[PDB]
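J.: Handing you this structure, nothing more for now.
Cβ coordinates were reconstructed from backbone atoms using ideal geometry, including for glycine residues, and neighbour counts include every protein chain displayed. Basis: the model, the stated rules and, where named, an outside source; no laboratory read-out is quoted.
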Amino acid sequence: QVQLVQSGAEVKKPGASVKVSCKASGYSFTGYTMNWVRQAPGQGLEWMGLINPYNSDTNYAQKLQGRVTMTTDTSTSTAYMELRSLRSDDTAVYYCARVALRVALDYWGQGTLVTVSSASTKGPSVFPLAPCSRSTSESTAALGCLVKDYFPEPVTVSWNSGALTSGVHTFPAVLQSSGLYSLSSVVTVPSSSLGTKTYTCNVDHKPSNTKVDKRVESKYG
Amino acid sequence: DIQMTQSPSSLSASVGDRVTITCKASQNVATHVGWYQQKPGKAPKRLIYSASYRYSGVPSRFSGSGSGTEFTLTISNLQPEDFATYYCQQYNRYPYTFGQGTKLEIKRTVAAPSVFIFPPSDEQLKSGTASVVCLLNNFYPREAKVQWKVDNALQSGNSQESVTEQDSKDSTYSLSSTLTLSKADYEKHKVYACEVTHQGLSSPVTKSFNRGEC
Amino acid sequence: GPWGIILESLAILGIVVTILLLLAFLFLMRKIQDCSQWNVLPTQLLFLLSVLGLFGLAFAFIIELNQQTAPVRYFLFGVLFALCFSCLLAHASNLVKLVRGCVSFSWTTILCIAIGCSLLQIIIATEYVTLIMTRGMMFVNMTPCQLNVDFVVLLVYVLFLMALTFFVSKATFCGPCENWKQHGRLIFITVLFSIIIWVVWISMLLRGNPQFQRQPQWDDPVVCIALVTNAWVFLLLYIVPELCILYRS
Amino acid sequence: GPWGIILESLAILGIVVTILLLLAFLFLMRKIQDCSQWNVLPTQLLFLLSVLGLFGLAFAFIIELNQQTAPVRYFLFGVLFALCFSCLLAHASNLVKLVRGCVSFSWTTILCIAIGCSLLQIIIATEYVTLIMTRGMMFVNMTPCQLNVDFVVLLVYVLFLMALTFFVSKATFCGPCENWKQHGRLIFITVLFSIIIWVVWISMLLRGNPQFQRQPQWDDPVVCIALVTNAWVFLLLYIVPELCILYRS
Ligand SMILES: CC(C)CCC[C@@H](C)[C@H]1CC[C@H]2[C@@H]3CC=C4C[C@@H](O)CC[C@]4(C)[C@H]3CC[C@]12C
Ligand SMILES: CC(C)CCC[C@@H](C)[C@H]1CC[C@H]2[C@@H]3CC=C4C[C@@H](O)CC[C@]4(C)[C@H]3CC[C@]12C
Ligand SMILES: CC(C)CCC[C@@H](C)[C@H]1CC[C@H]2[C@@H]3CC=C4C[C@@H](O)CC[C@]4(C)[C@H]3CC[C@]12C
Ligand SMILES: CC(C)CCC[C@@H](C)[C@H]1CC[C@H]2[C@@H]3CC=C4C[C@@H](O)CC[C@]4(C)[C@H]3CC[C@]12C
Ligand SMILES: CC(C)CCC[C@@H](C)[C@H]1CC[C@H]2[C@@H]3CC=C4C[C@@H](O)CC[C@]4(C)[C@H]3CC[C@]12C
Ligand SMILES: CC(C)CCC[C@@H](C)[C@H]1CC[C@H]2[C@@H]3CC=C4C[C@@H](O)CC[C@]4(C)[C@H]3CC[C@]12C
């Protein structure tokens, strides 16, 4: 019934402006106030402002005044939010939330990720992670692929892409001080499995169209 | 503004247990408090409006109560799909303010971590930098404390930790600690160790390697 | 539930009927020569227009509670009900002065009693709506209890008009003239039924709905049911018997 | 600034003078045998009981806006001025029914007219104050322009009462009896001076203050000066001449 559909995720520079759209369907768009709520990665929800589509009356948060502009288009029933003079702390997931009467924020958009960073689009660098001296009993061996120095999110890493699922851990990426990202993908195999079975990491960075397929083994070729 | 404080920040429980999250308002917000549930990667979902009313399609397990500056969300019969982050929000006056969020976690028995260490690859050394990786497989609880000891010396400010979410199979965490150095800095030491402590191990366990034996 | 398709039909037919009776009154304005019962006819025309307004306003409660429709409800409900009860009060006052044997009021005077008694409710409603929509938060951040309490408390002058019309219509029961007693009897019956209906839905909205754990699911249904039912009481217990009495003269 | 210990001293002197006027009017209320002049002695007492209520309210404008004084201002200013102008209107209506040869009203009727011509302003003021306090942002969160606009618009019924009193007191100038048109002359002069003062301070608050680039430090001084001046006009142009006329018996 009631649906709020936003635009796609966007990557900006820390001197630019961003526009986030919110198409509303399934209800009379004119008679319901629209809030905009942003969430930083790993933080809580933060309220930014509201717009009434009937008369285009807006109300912004105190810390955001001067750079946020909320508009509505009744003919297409779409709410737009503009943020100017972007900073690195403005990297967040943005939601349009509808307000009905007697109630609270009942309908939400799926969220639009705005990533504000000065780094450029870079291909990932994939390195193997193998133990120095394995097979000293303890048949719970671990292998890995380290993906480093890529931008932007995300990267999907698959071990052989159809085979290894048991004991596969893909850690969340951490933003380095260089502005690029890095993560690790580890797999747990028995100590007799390696040496008779090949291992590859399908790396599928979409914004760079980069596939590496690095093979992991203890030293040697 | 009106500060809205949640308690506790994170609690652990099992399926079928009854849990209570407390929200406290700095000012009198009457009964204009809602409760929302958010899953990782998804938008917040409506649970409670007006501090005691349930939306349509909300299960009867969630129950809101309280008034004034004291509000309470109670889950009676916990379910596997109920484990998420819960927020209390006030709409008595503008601006809207949310709580910091209470994370709901699956409680289980304490499991010891499996500790491994990975040296920098020689391709990465040819690139210019070196990264030593410390891997901690399935363990519980999340609080594990990791020291990076090189030549029996403690380094700080050059290690980054990545922690996965709770596993859908056995409800266990995993940790990866990455230490970064330059090639000139890496080709200065000979003992490279990773020590970890956790309250599922009798003693903090270390894993060591030396360059030249890999 | 089906309350959105039954009541709407009960509205729509009513919208037809209160037009036809309106026509059935207007033609009578060309055929009634009594100079005593003719003076009530413009007031009854205003009453029929207010009943048509009530039947049209029922759609505002059938349609979803909106930020657009809430001022419409909170202004039109009390204003139209006060217009109906002020027309009834003017007719009852004319009957009080007629049964005692005095000369009946002119139609202009009866219309002034009908309109000026509803002006206070107009002032109250426009002040409340303007203050909420301008100085308030545009109904946005109000709990269901606050909205129900405001909706009930906004009708205190209408309730006073109901009680006053009840007592004035009861005062028609004694006097030397007996042919004007039936009109006051119809007004008394209509006001008593309206008072019973108002007590019922106010008790259901303020206390009955939270008791059965049906708040705010039953608020708009009980208000719409009360609106349609009391409009039909106005049509069937007052307007139709008045038409029947005026036709056989 | 300089408006201190001048407006306050004038308010205290006005309180003392109006208490002495209450004492004198209570003394002369029991020392008259005329049944026609006596009929205004109760309501004028209420008029005096309003004028004192004005002067103390001036203190509420000496203190800043705060939260405990803004409802007091926004209620009592309109209520007390409506009481004053309603008492003046009742006296003027009693004079209009005189002069032309008819008998005067009873004192109960004049007092009822004075109370009922201010009950509407009482209702309007309590509705506005309650809606601002409960169902909206309070006076501490309002801009000075919104506060001034609300304060001026809240006195529309008071301005209507002023115009009605002006036109009623103008209508008593034509008549055979020369004994009663002096009271109407006093009422006419008092209402004309009140109209002049109200026009001056409304123009100063709404338009003169932004054009003089001094806002809001000439809001409370201007309203307090207008209040004190109008209360002193009420004392000196109406109460004192009526006292001197009534003393001659
Ligand atoms: C709150 C305010 C607006 C209510 C006003 C109600 C007025 C219009 C009503 C209330 C009581 C009524 C009076 C009750 C009794 C009589 C005596 C009768 O022989 C002539 C009509 C007369 C004089 C009525 C005229 C209308 C009346 C004055
Ligand atoms: C809030 C304001 C606008 C309310 C106005 C209502 C009051 C002041 C007025 C409006 C119409 C008036 C009535 C009109 C006609 C008559 C007939 C007359 O022989 C006696 C007085 C009486 C019965 C009036 C009583 C007062 C009255 C009810
Ligand atoms: C003749 C008699 C019955 C008339 C009564 C008039 C007065 C007392 C009534 C009429 C309308 C009423 C208001 C209607 C609505 C509200 C909003 C509610 O949230 C607080 C009370 C408040 C502000 C009411 C206060 C009392 C009020 C001003
Ligand atoms: C808004 C409402 C409440 C205002 C009410 C004003 C009333 C009290 C005023 C307005 C006009 C006045 C009338 C004007 C003229 C006359 C004719 C005179 O020979 C007797 C007094 C009489 C009949 C006045 C009585 C009082 C009166 C009816
Ligand atoms: C908001 C409500 C409470 C306002 C009430 C004011 C109205 C309805 C009432 C209050 C006092 C009333 C007046 C009291 C006395 C008389 C004298 C009578 O011979 C004619 C009507 C007349 C002149 C009344 C007219 C209507 C009146 C002005
Ligand atoms: C007899 C006549 C003069 C009486 C007039 C009564 C009505 C029309 C007046 C009296 C009080 C008025 C209100 C007083 C204050 C405000 C606040 C302002 O921000 C918007 C308008 C609003 C809400 C006014 C609307 C009109 C109002 C309700």
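J.: Going residue by residue through the range B:42-52, is there one that turns out to be away from chain A (no Cβ under 11 Å) and under 22 Å from A:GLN62 (Cα atoms)? Let's see the steps before the verdict.
T.: Step one: filter the range B:42-52 for residues away from chain A (no Cβ under 11 Å), giving B:52.
Checking the rest, the ones that are also under 22 Å from A:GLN62 (Cα atoms) come to none.
There is no residue in the range B:42-52 that is away from chain A (no Cβ under 11 Å) and under 22 Å from A:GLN62 (Cα atoms).
Residues checked against (1) under 30 Å from A:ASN52 (Cβ atoms); (2) out of contact with any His (no Cβ under 9 Å at 6 or more places or on another chain); (3) within 12 Å of ligand 1 (Cβ to nearest atom); (4) assigned to a helix (DSSP H, G or I):
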position: C:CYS102; (1), (2), (3), (4): no, yes, yes, no
position: C:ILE110; (1), (2), (3), (4): no, no, yes, yes
position: C:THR126; (1), (2), (3), (4): yes, yes, no, yes
position: C:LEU147; (1), (2), (3), (4): yes, yes, no, yes
position: C:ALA163; (1), (2), (3), (4): no, yes, yes, yes
position: C:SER169; (1), (2), (3), (4): no, no, yes, yes
position: C:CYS177; (1), (2), (3), (4): no, yes, no, no
position: C:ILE187; (1), (2), (3), (4): no, no, no, yes
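J.: From the list D:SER86, D:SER9, which residue is assigned to a helix (DSSP H, G or I) and buried (at least 22 other Cβ atoms within 10 Å of the Cβ)?
T.: The match here is D:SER86.
J.: If you don't mind, there's one more thing I want to ask. Mind checking whether some residue in the range A:30-38 is within 14 Å of chain B (Cβ to nearest Cβ) and surrounded by fewer than 21 Cβ atoms within 10 Å (Cβ to Cβ)?
T.: Looking only at the range A:30-38, we keep the residues that are within 14 Å of chain B (Cβ to nearest Cβ), and these are A:33-38.
From what's left, surrounded by fewer than 21 Cβ atoms within 10 Å (Cβ to Cβ): none.
Within the range A:30-38, none of the residues are within 14 Å of chain B (Cβ to nearest Cβ) and surrounded by fewer than 21 Cβ atoms within 10 Å (Cβ to Cβ).
J.: Now for a separate question. How many of the residues making up the range B:78-113 are assigned to a helix (DSSP H, G or I) and touching a strand residue (DSSP E or B) at 6+ places or on another chain (Cβ under 9 Å)?
T.: Initial filter on the range B:78-113 (assigned to a helix (DSSP H, G or I)): B:80-82.
From the residues that got through so far, the ones that are touching a strand residue (DSSP E or B) at 6+ places or on another chain (Cβ under 9 Å) too are B:80, B:82.
Looking only at that region, the number is 2.
J.: Looking only at the range A:85-112, which residues are more than 9 Å from chain B (Cβ to nearest Cβ), in contact (Cβ under 8 Å) with a residue 60 or more places away in the chain and surrounded by fewer than 17 Cβ atoms within 10 Å (Cβ to Cβ)?
T.: Once the filter is applied, which keeps residues that are more than 9 Å from chain B (Cβ to nearest Cβ), in contact (Cβ under 8 Å) with a residue 60 or more places away in the chain and surrounded by fewer than 17 Cβ atoms within 10 Å (Cβ to Cβ), the range A:85-112 yields A:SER85, A:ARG87, A:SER88.
J.: Could you tell me which of the residues A:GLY162, A:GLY109 is more than 30 Å from B:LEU125 (Cα to Cα) and assigned by TED's automatic domain parsing to the domain that holds A:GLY195?
T.: Just a single option satisfies the conditions, and that option is A:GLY162.
J.: Evaluate the following for C:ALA70: is it part of a helix (DSSP H, G or I), within 16 Å of ligand 5 (Cβ to nearest atom) and closer than 14 Å to C:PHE151 by Cα? Before the answer, list the steps.
T.: Values: part of a helix (DSSP H, G or I): yes; within 16 Å of ligand 5 (Cβ to nearest atom): no; closer than 14 Å to C:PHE151 by Cα: yes.
So C:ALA70 does not fit the description; no.
J.: Shifting gears a bit: May I ask you to list the residues in the range A:1-47 that are touching a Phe, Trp or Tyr at 6+ places or on another chain (Cβ under 7 Å) and among the aliphatic types (A, V, I, L, M)?
T.: Passing the criteria: A:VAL2, A:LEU4, A:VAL20, A:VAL37, A:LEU45.
J.: Consider D:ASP220 against the criteria (1) charged (D, E, K, R); (2) out of contact with any helix residue (DSSP H, G or I) (no Cβ under 6 Å at 6 or more places or on another chain); (3) buried (at least 17 other Cβ atoms within 10 Å of the Cβ): it satisfies all of them except one. Which criterion is unmet?
T.: Here D:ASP220 clears every test but (2).
J.: Could you please tell me which pairs satisfy a Cβ distance under 8 Å, a separation of 6+ or placement on different chains, a first residue in the range A:138-160 that is under 15 Å from A:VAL187 (Cα atoms) and more than 11 Å from every other protein chain (Cβ to nearest Cβ), and a second residue that is outside any strand (DSSP E or B) and aromatic (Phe, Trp, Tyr)?
T.: Correct list of pairs: A:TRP159/A:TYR199; A:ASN160/A:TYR199.
J.: Right, something else. Can you tell me which residue among B:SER52, B:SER76 is under 16 Å from C:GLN213 (Cα atoms), in contact (Cβ under 8 Å) with a residue 12 or more places away in the chain, surrounded by fewer than 22 Cβ atoms within 10 Å (Cβ to Cβ) and of a type outside the set (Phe, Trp, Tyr)? Lay out the reasoning, then the answer.
T.: Working: B:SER76 fails: under 16 Å from C:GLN213 (Cα atoms).
One residue alone meets the criteria, B:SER52.
J.: Between C:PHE173, C:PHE160, which is within 16 Å of ligand 5 (Cβ to nearest atom), without any contact (Cβ under 8 Å) to a residue 24 or more places away in the chain and either within 14 Å of another protein chain (Cβ to nearest Cβ) or surrounded by fewer than 19 Cβ atoms within 10 Å (Cβ to Cβ) (or both)?
T.: The unique qualifying residue is C:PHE160.
J.: I'd like to check something: does the range D:163-174 contain any residue that is in contact with a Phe, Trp or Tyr (Cβ under 8 Å, 6 or more places away or on another chain), within 15 Å of ligand 2 (Cβ to nearest atom) and charged (D, E, K, R)?
T.: Within the range D:163-174, none of the residues are in contact with a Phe, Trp or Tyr (Cβ under 8 Å, 6 or more places away or on another chain), within 15 Å of ligand 2 (Cβ to nearest atom) and charged (D, E, K, R).
J.: Filter the range C:130-139 for residues that are surrounded by fewer than 20 Cβ atoms within 10 Å (Cβ to Cβ) and among the β-branched types (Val, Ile, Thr); which is nearest to ligand 1 (Cβ to nearest atom)?
T.: Filtering the range C:130-139 for residues that are surrounded by fewer than 20 Cβ atoms within 10 Å (Cβ to Cβ) and among the β-branched types (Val, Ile, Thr), the one nearest to ligand 1 (Cβ to nearest atom) comes out as C:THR130.
J.: Sticking with this one: Among the residues of the range D:91-133, what is the count of those that are within 16 Å of ligand 6 (Cβ to nearest atom) and basic (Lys, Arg)? Walk me through it before giving the result.
T.: Narrowing the range D:91-133 to residues within 16 Å of ligand 6 (Cβ to nearest atom): D:113, D:116-133.
Add one more test, that the residue is basic (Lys, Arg), and what stays is none.
Of the residues in the range D:91-133, 0 are within 16 Å of ligand 6 (Cβ to nearest atom) and basic (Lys, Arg).
J.: Working only within the range B:25-37, note down all residues that are closer than 22 Å to A:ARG102 by Cα and either outside any strand (DSSP E or B) or not small (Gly, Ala, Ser) (or both). Show your work before the answer.
T.: Taking the range B:25-37 and keeping what is closer than 22 Å to A:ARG102 by Cα, we get B:25, B:27-37.
Residues satisfying the conditions are B:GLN27, B:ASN28, B:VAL29, B:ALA30, B:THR31, B:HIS32, B:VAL33, B:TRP35, B:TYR36, B:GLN37.
J.: Name the residue, out of C:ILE113, C:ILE132, C:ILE122, that is within 13 Å of ligand 3 (Cβ to nearest atom) and over 30 Å from A:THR58 (Cα atoms).
T.: Working: C:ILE113 fails: within 13 Å of ligand 3 (Cβ to nearest atom); C:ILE132 fails: over 30 Å from A:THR58 (Cα atoms).
That would be C:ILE122, the only listed residue that is within 13 Å of ligand 3 (Cβ to nearest atom) and over 30 Å from A:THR58 (Cα atoms).
J.: Give me a count of the residues in the range A:1-23 that are within 14 Å of chain C (Cβ to nearest Cβ) and touching a strand residue (DSSP E or B) at 6+ places or on another chain (Cβ under 8 Å).
T.: Matching residues across the range A:1-23 total 1.
J.: From the residues in the range A:161-195 that are part of a loop (DSSP other than H, G, I, E, B) and among the aliphatic types (A, V, I, L, M), which one is nearest to the other protein chains (Cβ to nearest Cβ)? Spell out the reasoning first.
T.: The initial filter retains those residues of the range A:161-195 that are part of a loop (DSSP other than H, G, I, E, B), namely A:161-167, A:171-173, A:176-180, A:190-193, A:195.
Next, only the ones that are among the aliphatic types (A, V, I, L, M) stay: A:163-164, A:173, A:180.
On the way: A:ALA163: 18, A:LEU164: 15, A:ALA173: 8, A:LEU180: 12 Å.
It comes out as A:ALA173.
J.: Separate question: Please tell me if C:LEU155 is within 16 Å of ligand 1 (Cβ to nearest atom) and within 30 Å of C:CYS35 (Cα to Cα).
T.: On the way: within 16 Å of ligand 1 (Cβ to nearest atom): yes; within 30 Å of C:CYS35 (Cα to Cα): no.
Answer is no for this residue.
J.: Go through the range C:118-157 residue by residue and tally those that are in contact (Cβ under 8 Å) with a residue 12 or more places away in the chain, of a type in the set (A, V, I, L, M, F, W, C), within 9 Å of chain D (Cβ to nearest Cβ) and more than 16 Å from ligand 5 (Cβ to nearest atom).
T.: So the count comes out to 1.
J.: A further question on this structure: Check B:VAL115 against each of (1) touching a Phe, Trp or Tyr at 6+ places or on another chain (Cβ under 8 Å); (2) crowded, with 19+ Cβ neighbours inside 10 Å and name the one condition it does not meet.
T.: (1)
J.: Another one. Given the conditions (1) within 16 Å of ligand 2 (Cβ to nearest atom); (2) within 17 Å of the chain's Cα centre (by Cα), report the number of the one that D:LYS97 does not fulfil.
T.: Status for D:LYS97: all satisfied but (2).
J.: Same structure, new question: Tally time: how many residues in the range D:96-117 are under 18 Å from D:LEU45 (Cβ atoms), buried (at least 18 other Cβ atoms within 10 Å of the Cβ) and either within 14 Å of chain C (Cβ to nearest Cβ) or more than 10 Å from ligand 5 (Cβ to nearest atom) (or both)?
T.: Let us first name the residues in the range D:96-117 that are under 18 Å from D:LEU45 (Cβ atoms), namely D:104-117.
With the extra rule that they be buried (at least 18 other Cβ atoms within 10 Å of the Cβ), the set shrinks to D:104-105, D:110-111, D:113-114, D:117.
Of the ones still in play, those that are also either within 14 Å of chain C (Cβ to nearest Cβ) or more than 10 Å from ligand 5 (Cβ to nearest atom) (or both) are D:104, D:117.
Here the count works out to 2.
J.: Collect the residues in the range B:125-135 that are in contact (Cβ under 8 Å) with a residue 24 or more places away in the chain and over 11 Å from B:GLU161 (Cα atoms), keeping them in residue-number order. Even if it seems obvious, please write down each step before you answer.
T.: Taking the range B:125-135 first, the residues in contact (Cβ under 8 Å) with a residue 24 or more places away in the chain are B:125, B:128-135.
B:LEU125, B:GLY128, B:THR129, B:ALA130, B:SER131, B:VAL132, listed by residue number.
J.: Could you check how many residues of the range D:128-139 are out of contact with any helix residue (DSSP H, G or I) (no Cβ under 8 Å at 6 or more places or on another chain) and either assigned to a helix (DSSP H, G or I) or under 18 Å from C:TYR157 (Cβ atoms) (or both)? Working first, answer last.
T.: First, pick out the residues of the range D:128-139 that are out of contact with any helix residue (DSSP H, G or I) (no Cβ under 8 Å at 6 or more places or on another chain): D:130, D:134.
Next, from what is left, pick out any that are either assigned to a helix (DSSP H, G or I) or under 18 Å from C:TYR157 (Cβ atoms) (or both): D:130.
Of the residues in that region, 1 qualify.
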